[PDB]
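Here is the structure we will look at, set down as structure tokens.
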Amino acid sequence: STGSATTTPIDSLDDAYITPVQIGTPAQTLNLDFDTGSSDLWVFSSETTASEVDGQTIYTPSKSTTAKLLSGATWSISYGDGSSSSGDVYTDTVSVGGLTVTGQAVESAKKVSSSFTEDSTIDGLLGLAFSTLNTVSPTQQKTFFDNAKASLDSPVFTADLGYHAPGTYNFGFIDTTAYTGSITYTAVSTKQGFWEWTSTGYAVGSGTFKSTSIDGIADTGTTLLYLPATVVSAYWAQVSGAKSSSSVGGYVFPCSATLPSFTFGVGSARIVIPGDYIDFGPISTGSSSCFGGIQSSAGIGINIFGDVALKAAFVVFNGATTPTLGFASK
Ligand SMILES: NCc1ccc(C(F)(F)F)cc1
Ligand SMILES: NCc1ccc(C(F)(F)F)cc1
């Protein structure tokens with residue numbers, strides 16, 4: 001079997017992408033943030049503290065004939081940005097673009113942090129990292145991808161994120177019409193539960209390519225590109241007037257500047273991120289200082305190839321017994 005669903009940016013900056021997901025019987029459609037950096041499927045629900053819900057569509061297990069409470073199970077998650085949520089666990093039928101999984105763990109939020117309440121467009125998250133990171137206690141639960149793997153034509157899913165435009169998540173097949181050239185595959189380490197890989201180097205604009213190993217994770221759930229301080233300083237040095245601002249919390253640049261592209265290596269292949277992808281607009285309404293899409297990972301502890309990088313490529317998440325990541329230009 002296969003599945004295919006359109007994913008849409010939530011705002012004019014591509015801060016995140018939402019994908020409709022059908023839960024329960026009859027279907028309740030929620031717009032979830034597909035996150036290859038986490039492994040919990042959790043949703044705003046009828047159980048969420050009323051004051052913490054602001055416009056989100058909620059899952060109501062009591063209206064689903066296939067929902068079953070998972071007795072005694074709880075979940076609690078904290079994301080690298082400081083967001084957090086927690087609650088209890090149901091099992092229900094979950095469908096993504098024609099692909100159906102029965103008995104999927106659906107984690108019902110009882111409490112959500114403020115950053116989730118204020119994001120009216122995101123009804124929850126669908127984790128696509130490895131199931132070792134799932135937070136359900138005392139019995140760990142499998143991701144949607146792990147549960148679908150056996151019945152998929154091929155144990156893969158692909159992320160084709162658009163720049164200021166809709167894109168596609170495909171499960172179980174690789175659309176050979178969606179990319180140009182060849183797909184370059186690279187080894188993945190699952191030791192931390194992430195889609196972790198090693199980039200072979202970088203270049204700034206039309207500059208010389210620097211061969212150097214950058215270990216990082218492919219994370220559809222992170223907006224920006226977080227890279228080591230040496231690399232990030234080399235990039236922003238090519239932008240007149242750019243500086244790191246402690247009050248803003250990152251590199252900013254004059255909104256009148258033109259940004260150079262950024263190239264990253266995948267084996268012997270190169271993925272080019274156009275400079276416009278790195279512009280995230282004024283730091284406040286009406287400001288002439290703009291926020292940069294490439295930032296330092298020094299405070300984080302790990303390098304993150306977020307949406308800024310991933311949306312420049314067609315990306316294959318190969319969940320075979322030896323997992324790999326594929327990158328192609330598009
Ligand atoms: N998108 C999920 C996510 C968020 C943060 C991190 C961090 F900070 F731990 F790297 C990993 C994964
Ligand atoms: N990396 C996971 C993640 C995804 C979205 C959000 C937001 F946008 F809701 F804050 C936080 C954390």
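Residue names in the structure tokens use chain letters A, B, ... in the order shown, residue numbers from 1 in each chain, and ligand numbers from 1 in the order shown.
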
Write down as an MDAnalysis selection string the residues belonging to stretch 127-326 of chain A that are assigned alpha helix (DSSP H) by DSSP computed on the backbone.
chainID A and resid 144:148 229:236 307:310

Taking C-alpha atoms for each residue, export the selection above as a PDB file, in the first residue's frame.
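Listed below is the output, out_2.pdb:
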ATOM      1  CA  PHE A 144       2.788   5.905  12.392  1.00  0.00           C
ATOM      2  CA  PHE A 145       5.631   5.032  10.010  1.00  0.00           C
ATOM      3  CA  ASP A 146       6.773   1.998  12.013  1.00  0.00           C
ATOM      4  CA  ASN A 147       3.199   0.685  12.193  1.00  0.00           C
ATOM      5  CA  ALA A 148       2.701   1.141   8.435  1.00  0.00           C
ATOM      6  CA  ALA A 229      29.673  28.510  14.694  1.00  0.00           C
ATOM      7  CA  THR A 230      32.626  28.428  12.272  1.00  0.00           C
ATOM      8  CA  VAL A 231      30.367  27.670   9.294  1.00  0.00           C
ATOM      9  CA  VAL A 232      27.706  30.202  10.291  1.00  0.00           C
ATOM     10  CA  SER A 233      30.294  32.950  10.767  1.00  0.00           C
ATOM     11  CA  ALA A 234      31.734  32.209   7.314  1.00  0.00           C
ATOM     12  CA  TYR A 235      28.283  32.617   5.756  1.00  0.00           C
ATOM     13  CA  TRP A 236      27.228  35.857   7.432  1.00  0.00           C
ATOM     14  CA  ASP A 307      13.118  23.098   6.718  1.00  0.00           C
ATOM     15  CA  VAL A 308      15.420  25.786   5.272  1.00  0.00           C
ATOM     16  CA  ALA A 309      17.741  23.046   4.018  1.00  0.00           C
ATOM     17  CA  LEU A 310      15.249  20.231   3.400  1.00  0.00           C
TER      18      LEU A 310
END

Using only C-alpha atoms, determine which residues lie at most 8 Å from stretch 21-28 of chain A, disregarding the query and same-chain residues fewer than 6 positions distant; provide the list as a ChimeraX atom specification.
/A:59,61,63-67,92-97

Around ligand 1, at most 10 Å away and counting only C-alpha atoms and all ligand atoms, which residues are there? Put them as a VMD selection string, please.
chain A and resid 33 to 39 78 to 83 125 127 to 129 133 193 to 195 216 to 223 226 297 299 to 304 306

For the residues in the current selection, export N, CA and C atoms as a CSV table (one decimal), in the first residue's frame.
chain,number,residue,atom,x,y,z
A,33,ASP,N,1.6,18.6,12.3
A,33,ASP,CA,3.0,19.0,11.9
A,33,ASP,C,3.8,17.7,11.8
A,34,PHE,N,4.2,17.3,10.6
A,34,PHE,CA,5.0,16.1,10.5
A,34,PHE,C,6.4,16.4,10.9
A,35,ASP,N,6.9,15.7,11.9
A,35,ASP,CA,8.1,16.0,12.6
A,35,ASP,C,9.1,14.8,12.5
A,36,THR,N,10.1,14.9,11.7
A,36,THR,CA,11.1,13.8,11.7
A,36,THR,C,12.1,13.9,12.8
A,37,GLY,N,11.9,14.9,13.7
A,37,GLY,CA,12.8,15.0,14.9
A,37,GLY,C,12.2,14.5,16.1
A,38,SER,N,11.0,13.9,16.1
A,38,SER,CA,10.3,13.4,17.3
A,38,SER,C,9.5,12.2,16.9
A,39,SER,N,9.0,11.5,17.9
A,39,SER,CA,8.4,10.2,17.7
A,39,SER,C,7.1,10.0,18.4
A,78,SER,N,9.2,17.2,25.9
A,78,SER,CA,9.8,18.5,25.8
A,78,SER,C,10.6,18.6,24.6
A,79,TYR,N,10.4,19.7,23.8
A,79,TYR,CA,11.1,19.8,22.5
A,79,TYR,C,12.3,20.8,22.8
A,80,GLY,N,13.3,20.7,21.8
A,80,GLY,CA,14.5,21.4,21.9
A,80,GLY,C,14.4,22.9,22.0
A,81,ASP,N,13.2,23.5,21.6
A,81,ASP,CA,12.9,24.9,21.7
A,81,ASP,C,12.2,25.2,23.0
A,82,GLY,N,12.1,24.3,24.0
A,82,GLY,CA,11.5,24.6,25.2
A,82,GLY,C,10.0,24.3,25.3
A,83,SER,N,9.3,24.0,24.2
A,83,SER,CA,7.9,23.6,24.2
A,83,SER,C,7.7,22.3,24.9
A,125,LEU,N,1.1,17.1,16.4
A,125,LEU,CA,2.4,16.7,15.8
A,125,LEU,C,2.2,15.2,15.4
A,127,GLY,N,5.0,12.4,14.8
A,127,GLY,CA,6.4,12.1,14.9
A,127,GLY,C,6.9,11.0,13.9
A,128,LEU,N,8.0,11.3,13.2
A,128,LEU,CA,8.6,10.4,12.2
A,128,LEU,C,10.0,10.0,12.5
A,129,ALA,N,10.6,10.3,13.6
A,129,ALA,CA,11.9,9.8,14.0
A,129,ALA,C,11.7,8.3,14.4
A,133,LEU,N,12.4,7.0,20.6
A,133,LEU,CA,12.3,8.3,21.3
A,133,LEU,C,10.8,8.5,21.8
A,193,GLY,N,18.3,8.0,18.0
A,193,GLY,CA,16.9,7.9,17.7
A,193,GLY,C,16.5,8.9,16.6
A,194,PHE,N,17.5,9.7,16.0
A,194,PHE,CA,17.2,10.6,15.0
A,194,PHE,C,17.6,10.1,13.6
A,195,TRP,N,17.1,10.8,12.6
A,195,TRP,CA,17.7,10.6,11.2
A,195,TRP,C,19.0,11.4,11.2
A,216,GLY,N,24.7,15.9,11.7
A,216,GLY,CA,23.5,16.6,12.0
A,216,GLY,C,22.3,15.7,11.7
A,217,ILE,N,21.1,16.2,12.0
A,217,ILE,CA,19.9,15.5,11.9
A,217,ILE,C,19.0,16.1,10.8
A,218,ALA,N,18.2,15.3,10.1
A,218,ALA,CA,17.3,15.8,9.1
A,218,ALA,C,15.9,15.9,9.9
A,219,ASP,N,15.5,17.2,10.1
A,219,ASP,CA,14.4,17.4,11.0
A,219,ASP,C,13.3,18.3,10.3
A,220,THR,N,12.3,17.7,9.7
A,220,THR,CA,11.2,18.5,9.2
A,220,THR,C,10.5,19.4,10.2
A,221,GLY,N,10.6,19.1,11.5
A,221,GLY,CA,10.0,19.9,12.5
A,221,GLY,C,10.7,21.1,13.0
A,222,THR,N,11.8,21.4,12.5
A,222,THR,CA,12.6,22.6,12.9
A,222,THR,C,12.7,23.5,11.7
A,223,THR,N,12.4,24.8,11.9
A,223,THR,CA,12.3,25.8,10.8
A,223,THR,C,13.6,26.1,10.1
A,226,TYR,N,20.6,25.0,11.5
A,226,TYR,CA,21.5,25.3,12.7
A,226,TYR,C,22.8,24.5,12.4
A,297,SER,N,24.5,26.4,16.0
A,297,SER,CA,24.1,25.3,16.8
A,297,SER,C,24.8,25.2,18.1
A,299,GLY,N,24.6,26.6,21.0
A,299,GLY,CA,23.8,26.5,22.2
A,299,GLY,C,22.9,25.3,22.2
A,300,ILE,N,22.9,24.5,21.2
A,300,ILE,CA,21.9,23.4,21.0
A,300,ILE,C,22.5,22.1,21.3
A,301,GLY,N,23.8,21.8,20.9
A,301,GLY,CA,24.4,20.6,21.1
A,301,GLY,C,24.4,19.6,19.9
A,302,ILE,N,23.7,20.0,18.8
A,302,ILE,CA,23.6,19.1,17.7
A,302,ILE,C,23.2,20.0,16.5
A,303,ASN,N,23.7,19.6,15.3
A,303,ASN,CA,23.4,20.4,14.1
A,303,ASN,C,22.1,19.9,13.5
A,304,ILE,N,21.3,20.8,13.0
A,304,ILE,CA,20.0,20.5,12.6
A,304,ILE,C,19.7,21.0,11.2
A,306,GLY,N,17.1,21.7,9.2
A,306,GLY,CA,15.7,22.0,9.2
A,306,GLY,C,15.1,22.3,7.9

Can you pull out every residue from stretch 93-215 of chain A that DSSP, working from the backbone, puts in strand (DSSP E or B), and format the result as a ChimeraX atom specification?
/A:93-96,99-112,124-127,137,156-160,167-171,184-187,189,196-204,210-215

Atomic distance atom CA of residue A:267 - atom CA of residue A:200, expressed in Å with one decimal
5.9 Å

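Checking A:16, A:278, A:312, A:150 one by one against residue A:259, counting only C-alpha atoms, you find the shortest gap at A:278.
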
Tell me, as a PyMOL selection string, which residues lie within 8 Å of stretch 280-282 of chain A, counting only C-alpha atoms; anything in the same chain fewer than 5 positions away does not count.
chain A and resi 13+255+287-293

File of the preceding selection, N, CA and C atoms, as a compact mmCIF listing (two decimals), in the first residue's frame:
# COMPACT_ATOMS: atom_id res chain seq x y z
N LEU A 13 6.14 32.78 5.95
CA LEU A 13 7.57 32.58 6.16
C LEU A 13 7.97 31.11 6.13
N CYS A 255 17.59 44.44 5.88
CA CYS A 255 16.58 43.87 4.99
C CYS A 255 16.82 44.25 3.53
N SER A 287 10.38 46.84 11.08
CA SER A 287 11.82 46.94 11.25
C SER A 287 12.54 46.76 9.92
N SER A 288 13.70 47.41 9.80
CA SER A 288 14.57 47.21 8.65
C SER A 288 15.68 46.20 8.92
N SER A 289 15.67 45.57 10.09
CA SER A 289 16.55 44.44 10.39
C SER A 289 15.80 43.14 10.19
N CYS A 290 16.40 42.23 9.43
CA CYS A 290 15.77 40.97 9.06
C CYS A 290 16.47 39.81 9.76
N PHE A 291 15.73 38.73 9.99
CA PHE A 291 16.26 37.58 10.72
C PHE A 291 16.79 36.54 9.74
N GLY A 292 17.96 35.98 10.05
CA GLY A 292 18.59 35.01 9.16
C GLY A 292 18.12 33.58 9.39
N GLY A 293 18.07 32.81 8.30
CA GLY A 293 17.64 31.43 8.33
C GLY A 293 18.73 30.43 8.61

Using only C-alpha atoms, determine which residues lie at most 12 Å from residue A:271, disregarding the query and same-chain residues fewer than 3 positions distant; provide the list as a PDB file with N, CA, C and O atoms, in the first residue's frame.
ATOM      1  N   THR A 180      15.112  16.079 -10.038  1.00  0.00           N
ATOM      2  CA  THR A 180      15.983  16.070 -11.201  1.00  0.00           C
ATOM      3  C   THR A 180      17.260  15.305 -10.878  1.00  0.00           C
ATOM      4  O   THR A 180      17.682  15.229  -9.719  1.00  0.00           O
ATOM      5  N   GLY A 181      17.874  14.736 -11.915  1.00  0.00           N
ATOM      6  CA  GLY A 181      19.114  14.007 -11.702  1.00  0.00           C
ATOM      7  C   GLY A 181      18.900  12.718 -10.922  1.00  0.00           C
ATOM      8  O   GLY A 181      17.884  12.031 -11.057  1.00  0.00           O
ATOM      9  N   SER A 182      19.881  12.390 -10.088  1.00  0.00           N
ATOM     10  CA  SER A 182      19.881  11.159  -9.316  1.00  0.00           C
ATOM     11  C   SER A 182      19.718  11.460  -7.832  1.00  0.00           C
ATOM     12  O   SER A 182      20.004  12.563  -7.363  1.00  0.00           O
ATOM     13  N   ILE A 183      19.264  10.457  -7.091  1.00  0.00           N
ATOM     14  CA  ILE A 183      19.220  10.532  -5.635  1.00  0.00           C
ATOM     15  C   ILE A 183      20.549  10.029  -5.086  1.00  0.00           C
ATOM     16  O   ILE A 183      21.008   8.945  -5.460  1.00  0.00           O
ATOM     17  N   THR A 184      21.167  10.803  -4.191  1.00  0.00           N
ATOM     18  CA  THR A 184      22.386  10.378  -3.512  1.00  0.00           C
ATOM     19  C   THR A 184      22.035   9.924  -2.105  1.00  0.00           C
ATOM     20  O   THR A 184      21.504  10.709  -1.310  1.00  0.00           O
ATOM     21  N   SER A 199      27.070  15.362   6.662  1.00  0.00           N
ATOM     22  CA  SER A 199      27.286  16.147   5.455  1.00  0.00           C
ATOM     23  C   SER A 199      28.779  16.274   5.179  1.00  0.00           C
ATOM     24  O   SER A 199      29.600  16.327   6.100  1.00  0.00           O
ATOM     25  N   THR A 200      29.134  16.319   3.898  1.00  0.00           N
ATOM     26  CA  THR A 200      30.540  16.287   3.513  1.00  0.00           C
ATOM     27  C   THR A 200      31.158  17.669   3.335  1.00  0.00           C
ATOM     28  O   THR A 200      32.340  17.756   2.987  1.00  0.00           O
ATOM     29  N   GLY A 201      30.417  18.742   3.569  1.00  0.00           N
ATOM     30  CA  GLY A 201      31.015  20.064   3.543  1.00  0.00           C
ATOM     31  C   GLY A 201      30.019  21.102   3.072  1.00  0.00           C
ATOM     32  O   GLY A 201      28.822  20.837   2.993  1.00  0.00           O
ATOM     33  N   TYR A 202      30.543  22.286   2.750  1.00  0.00           N
ATOM     34  CA  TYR A 202      29.683  23.414   2.416  1.00  0.00           C
ATOM     35  C   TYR A 202      30.428  24.415   1.545  1.00  0.00           C
ATOM     36  O   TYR A 202      31.657  24.384   1.429  1.00  0.00           O
ATOM     37  N   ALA A 203      29.654  25.332   0.957  1.00  0.00           N
ATOM     38  CA  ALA A 203      30.179  26.498   0.263  1.00  0.00           C
ATOM     39  C   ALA A 203      29.227  27.670   0.468  1.00  0.00           C
ATOM     40  O   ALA A 203      28.021  27.485   0.661  1.00  0.00           O
ATOM     41  N   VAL A 204      29.777  28.880   0.427  1.00  0.00           N
ATOM     42  CA  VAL A 204      29.001  30.107   0.578  1.00  0.00           C
ATOM     43  C   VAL A 204      28.982  30.810  -0.771  1.00  0.00           C
ATOM     44  O   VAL A 204      30.042  31.144  -1.317  1.00  0.00           O
ATOM     45  N   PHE A 209      34.252  25.146  -2.305  1.00  0.00           N
ATOM     46  CA  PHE A 209      33.623  24.156  -1.442  1.00  0.00           C
ATOM     47  C   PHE A 209      34.631  23.671  -0.411  1.00  0.00           C
ATOM     48  O   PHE A 209      35.745  23.271  -0.761  1.00  0.00           O
ATOM     49  N   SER A 261      23.712  32.261  -1.730  1.00  0.00           N
ATOM     50  CA  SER A 261      23.234  30.907  -1.543  1.00  0.00           C
ATOM     51  C   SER A 261      24.122  30.182  -0.533  1.00  0.00           C
ATOM     52  O   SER A 261      25.186  30.666  -0.133  1.00  0.00           O
ATOM     53  N   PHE A 262      23.656  29.012  -0.104  1.00  0.00           N
ATOM     54  CA  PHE A 262      24.427  28.110   0.747  1.00  0.00           C
ATOM     55  C   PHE A 262      24.339  26.704   0.177  1.00  0.00           C
ATOM     56  O   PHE A 262      23.239  26.190  -0.051  1.00  0.00           O
ATOM     57  N   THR A 263      25.492  26.080  -0.029  1.00  0.00           N
ATOM     58  CA  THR A 263      25.584  24.732  -0.571  1.00  0.00           C
ATOM     59  C   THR A 263      26.011  23.772   0.530  1.00  0.00           C
ATOM     60  O   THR A 263      26.914  24.086   1.310  1.00  0.00           O
ATOM     61  N   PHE A 264      25.361  22.608   0.619  1.00  0.00           N
ATOM     62  CA  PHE A 264      25.844  21.576   1.528  1.00  0.00           C
ATOM     63  C   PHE A 264      26.054  20.271   0.773  1.00  0.00           C
ATOM     64  O   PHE A 264      25.400  20.002  -0.238  1.00  0.00           O
ATOM     65  N   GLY A 265      27.007  19.478   1.258  1.00  0.00           N
ATOM     66  CA  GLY A 265      27.424  18.274   0.555  1.00  0.00           C
ATOM     67  C   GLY A 265      26.691  17.037   1.047  1.00  0.00           C
ATOM     68  O   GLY A 265      26.442  16.875   2.240  1.00  0.00           O
ATOM     69  N   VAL A 266      26.341  16.168   0.103  1.00  0.00           N
ATOM     70  CA  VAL A 266      25.786  14.855   0.402  1.00  0.00           C
ATOM     71  C   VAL A 266      26.616  13.866  -0.399  1.00  0.00           C
ATOM     72  O   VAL A 266      26.491  13.800  -1.629  1.00  0.00           O
ATOM     73  N   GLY A 267      27.481  13.123   0.284  1.00  0.00           N
ATOM     74  CA  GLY A 267      28.488  12.361  -0.440  1.00  0.00           C
ATOM     75  C   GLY A 267      29.224  13.269  -1.403  1.00  0.00           C
ATOM     76  O   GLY A 267      29.727  14.334  -1.025  1.00  0.00           O
ATOM     77  N   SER A 268      29.258  12.877  -2.673  1.00  0.00           N
ATOM     78  CA  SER A 268      29.870  13.683  -3.721  1.00  0.00           C
ATOM     79  C   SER A 268      28.900  14.663  -4.376  1.00  0.00           C
ATOM     80  O   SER A 268      29.316  15.427  -5.254  1.00  0.00           O
ATOM     81  N   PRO A 274      18.938  28.388  -2.210  1.00  0.00           N
ATOM     82  CA  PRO A 274      18.964  29.761  -2.731  1.00  0.00           C
ATOM     83  C   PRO A 274      18.948  30.774  -1.598  1.00  0.00           C
ATOM     84  O   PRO A 274      18.391  30.527  -0.529  1.00  0.00           O
ATOM     85  N   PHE A 305      19.511  20.085  10.243  1.00  0.00           N
ATOM     86  CA  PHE A 305      19.128  20.399   8.872  1.00  0.00           C
ATOM     87  C   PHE A 305      17.610  20.502   8.867  1.00  0.00           C
ATOM     88  O   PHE A 305      16.897  19.528   8.614  1.00  0.00           O
ATOM     89  N   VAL A 308      14.651  24.935   6.186  1.00  0.00           N
ATOM     90  CA  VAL A 308      15.420  25.786   5.272  1.00  0.00           C
ATOM     91  C   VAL A 308      16.268  24.941   4.330  1.00  0.00           C
ATOM     92  O   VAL A 308      16.345  25.210   3.125  1.00  0.00           O
ATOM     93  N   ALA A 309      16.918  23.905   4.861  1.00  0.00           N
ATOM     94  CA  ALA A 309      17.741  23.046   4.018  1.00  0.00           C
ATOM     95  C   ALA A 309      16.902  22.007   3.281  1.00  0.00           C
ATOM     96  O   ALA A 309      17.079  21.797   2.076  1.00  0.00           O
ATOM     97  N   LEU A 310      15.980  21.350   3.990  1.00  0.00           N
ATOM     98  CA  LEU A 310      15.249  20.231   3.400  1.00  0.00           C
ATOM     99  C   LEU A 310      14.370  20.672   2.233  1.00  0.00           C
ATOM    100  O   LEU A 310      14.197  19.923   1.262  1.00  0.00           O
ATOM    101  N   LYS A 311      13.789  21.871   2.309  1.00  0.00           N
ATOM    102  CA  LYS A 311      12.893  22.295   1.234  1.00  0.00           C
ATOM    103  C   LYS A 311      13.631  22.612  -0.056  1.00  0.00           C
ATOM    104  O   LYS A 311      12.977  22.792  -1.090  1.00  0.00           O
ATOM    105  N   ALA A 312      14.964  22.687  -0.029  1.00  0.00           N
ATOM    106  CA  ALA A 312      15.727  22.830  -1.263  1.00  0.00           C
ATOM    107  C   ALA A 312      15.964  21.502  -1.968  1.00  0.00           C
ATOM    108  O   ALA A 312      16.562  21.504  -3.049  1.00  0.00           O
ATOM    109  N   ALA A 313      15.514  20.381  -1.398  1.00  0.00           N
ATOM    110  CA  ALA A 313      15.789  19.059  -1.942  1.00  0.00           C
ATOM    111  C   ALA A 313      14.538  18.190  -1.927  1.00  0.00           C
ATOM    112  O   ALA A 313      13.546  18.495  -1.262  1.00  0.00           O
ATOM    113  N   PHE A 314      14.601  17.104  -2.695  1.00  0.00           N
ATOM    114  CA  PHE A 314      13.705  15.965  -2.539  1.00  0.00           C
ATOM    115  C   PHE A 314      14.414  14.992  -1.605  1.00  0.00           C
ATOM    116  O   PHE A 314      15.557  14.608  -1.866  1.00  0.00           O
ATOM    117  N   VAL A 315      13.774  14.630  -0.498  1.00  0.00           N
ATOM    118  CA  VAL A 315      14.441  13.894   0.573  1.00  0.00           C
ATOM    119  C   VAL A 315      13.746  12.557   0.775  1.00  0.00           C
ATOM    120  O   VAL A 315      12.530  12.513   0.994  1.00  0.00           O
ATOM    121  N   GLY A 326      18.217   9.804   1.443  1.00  0.00           N
ATOM    122  CA  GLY A 326      18.477  10.163   0.053  1.00  0.00           C
ATOM    123  C   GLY A 326      18.179  11.631  -0.186  1.00  0.00           C
ATOM    124  O   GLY A 326      17.181  12.156   0.307  1.00  0.00           O
ATOM    125  N   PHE A 327      19.054  12.296  -0.942  1.00  0.00           N
ATOM    126  CA  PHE A 327      18.866  13.695  -1.300  1.00  0.00           C
ATOM    127  C   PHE A 327      18.960  13.840  -2.810  1.00  0.00           C
ATOM    128  O   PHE A 327      19.864  13.278  -3.434  1.00  0.00           O
ATOM    129  N   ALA A 328      18.034  14.591  -3.398  1.00  0.00           N
ATOM    130  CA  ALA A 328      18.115  14.909  -4.816  1.00  0.00           C
ATOM    131  C   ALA A 328      17.737  16.366  -5.023  1.00  0.00           C
ATOM    132  O   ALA A 328      16.930  16.923  -4.277  1.00  0.00           O
ATOM    133  N   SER A 329      18.329  16.981  -6.044  1.00  0.00           N
ATOM    134  CA  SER A 329      17.910  18.317  -6.441  1.00  0.00           C
ATOM    135  C   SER A 329      16.510  18.262  -7.048  1.00  0.00           C
ATOM    136  O   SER A 329      16.050  17.219  -7.512  1.00  0.00           O
ATOM    137  N   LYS A 330      15.822  19.401  -7.037  1.00  0.00           N
ATOM    138  CA  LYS A 330      14.498  19.456  -7.653  1.00  0.00           C
ATOM    139  C   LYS A 330      14.251  20.823  -8.272  1.00  0.00           C
ATOM    140  O   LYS A 330      15.084  21.723  -8.195  1.00  0.00           O
TER     141      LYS A 330
END

What's around residue A:155 at 7 Å? Count only C-alpha atoms, leave out sequence neighbours fewer than 4 positions away in its own chain, and write the answer as a list in words.
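Near residue A:155, the qualifying residues are residues 149, 172, 318, 319 and 320 of chain A.
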
May I ask for the distance between atom 10 (F, counted along the ligand's line) of ligand 2 and atom CA of residue A:4, given in Å to one decimal place?
25.1 Å

Using only C-alpha atoms and all ligand atoms, the shortest atom-to-atom distance to ligand 2 among A:104, A:57, A:76, A:113 belongs to A:113

Do a neighbour search on residue A:8 at 9 Å with only C-alpha atoms, toss out local chain neighbours closer than 6 positions, and write the hits as a list in words.
residues 14, 16, 17, 18, 19, 161, 162, 164, 165, 166, 167 and 168 of chain A

Please list as a compact mmCIF listing (two decimals) with N, CA, C and O atoms, in the first residue's frame every residue within 10 Å of residue A:73, counting only C-alpha atoms and excluding residues in the same chain fewer than 4 positions away.
# COMPACT_ATOMS: atom_id res chain seq x y z
N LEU A 69 -9.19 3.61 25.10
CA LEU A 69 -8.24 4.18 26.05
C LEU A 69 -7.17 3.15 26.39
O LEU A 69 -7.48 1.99 26.69
N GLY A 87 -0.23 14.22 28.51
CA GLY A 87 -1.60 13.75 28.63
C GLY A 87 -1.68 12.24 28.71
O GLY A 87 -0.77 11.58 29.23
N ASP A 88 -2.79 11.69 28.21
CA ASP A 88 -3.01 10.25 28.18
C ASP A 88 -3.09 9.77 26.74
O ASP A 88 -2.92 10.54 25.78
N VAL A 89 -3.37 8.48 26.57
CA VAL A 89 -3.12 7.78 25.32
C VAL A 89 -4.35 6.98 24.92
O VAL A 89 -4.88 6.20 25.72
N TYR A 90 -4.79 7.16 23.68
CA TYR A 90 -5.78 6.30 23.06
C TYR A 90 -5.12 5.53 21.93
O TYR A 90 -4.04 5.88 21.45
N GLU A 107 -1.91 10.25 21.15
CA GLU A 107 -1.65 10.81 22.46
C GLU A 107 -2.46 12.09 22.64
O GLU A 107 -2.25 13.08 21.92
N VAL A 136 5.71 7.49 25.54
CA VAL A 136 4.61 6.84 26.25
C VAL A 136 5.16 5.91 27.32
O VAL A 136 6.06 5.10 27.06
N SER A 137 4.62 6.02 28.53
CA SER A 137 5.00 5.22 29.68
C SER A 137 3.77 4.53 30.25
O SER A 137 2.68 5.10 30.22
N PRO A 138 3.92 3.31 30.79
CA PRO A 138 5.13 2.49 30.93
C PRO A 138 5.44 1.62 29.70
O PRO A 138 6.47 0.95 29.68
N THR A 139 4.56 1.63 28.70
CA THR A 139 4.71 0.84 27.49
C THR A 139 4.98 1.77 26.31
O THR A 139 4.08 2.51 25.89
N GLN A 140 6.20 1.73 25.77
CA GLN A 140 6.56 2.56 24.63
C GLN A 140 5.73 2.19 23.40
O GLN A 140 5.43 1.02 23.16
N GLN A 141 5.39 3.20 22.60
CA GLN A 141 4.53 3.02 21.44
C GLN A 141 5.28 3.31 20.14
O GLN A 141 6.27 4.04 20.12

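Going from atom CA of residue A:110 to atom CA of residue A:131 covers 22.1 Å.
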
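Minimum atom-to-atom distances from A:295, A:84, A:258, A:135 to residue A:114 were compared using only C-alpha atoms, and the lowest value belongs to A:84.
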
Shortest contact to ligand 2, candidates A:1, A:29, A:49, A:85, atoms counted only C-alpha atoms and all ligand atoms, goes to A:85

Could you check which of A:213, A:256, A:324, A:121 is closest to ligand 2, using only C-alpha atoms and all ligand atoms?
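Ranked by minimum distance to ligand 2, first place goes to A:121.
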